[PDB]
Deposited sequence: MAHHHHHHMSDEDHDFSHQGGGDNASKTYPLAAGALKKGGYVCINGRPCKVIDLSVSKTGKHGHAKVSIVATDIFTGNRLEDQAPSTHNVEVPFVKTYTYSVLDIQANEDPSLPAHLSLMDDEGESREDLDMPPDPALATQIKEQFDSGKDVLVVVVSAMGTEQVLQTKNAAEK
């Protein structure tokens, strides 16, 4: 879920929820002084730009954000070729999961597939917040 933070304590780069969505602050401004804090933030999952403003003493909600890194065991197209491919992913204890798909970020999905087809050990960083889980980054493993 979320935890409270005084809006006057928010910093650029910090997480914040706006309209129930988990975002990273990309711009902040404060009125002359208390003060009003104006926020512009990017949804970490959809990439949408969201804005909000609050008194510096109002508590904004900050999402709990969790990250986990998996390796890619397989990529399989959806029975409906127009939808994202399915991923088979291995965790660091030898358990796999098959419930996650390629992310809704075409360039990132392409990168994961190209690296996998080149015979790399492809890692995906899965981030979870506000009930959503999505691959947000990829990189290749080394020995």
* Structure fact -> Absent from the model, numbered along the deposited sequence, are 1-26, 60-63, 174
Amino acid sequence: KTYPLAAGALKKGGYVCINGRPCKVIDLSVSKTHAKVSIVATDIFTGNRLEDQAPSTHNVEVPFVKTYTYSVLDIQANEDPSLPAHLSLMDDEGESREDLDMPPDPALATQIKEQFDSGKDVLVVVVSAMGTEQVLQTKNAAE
From here on, numbers count along this sequence of modelled residues.
* Structure fact -> Higher avg CA temperature factor (76-84 vs 49-57, as deposited) belongs to 76-84
* Going by the recorded CA B-factors, say which third of the chain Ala6 sits in, lowest, middle or highest. => lowest
* Among the modelled residues of its chain, does the C-alpha B-factor of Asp43 lie in the lowest, middle or highest third? -> middle
* Would you mind ranking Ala35 by its C-alpha B-factor against the rest of the chain and naming the third, lowest, middle or highest? => highest
* C-alpha B factor of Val126, ranked within the chain: lowest, middle or highest third? -> middle
* Which third of the chain holds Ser96 when residues are ordered by C-alpha B factor: lowest, middle or highest? -> middle
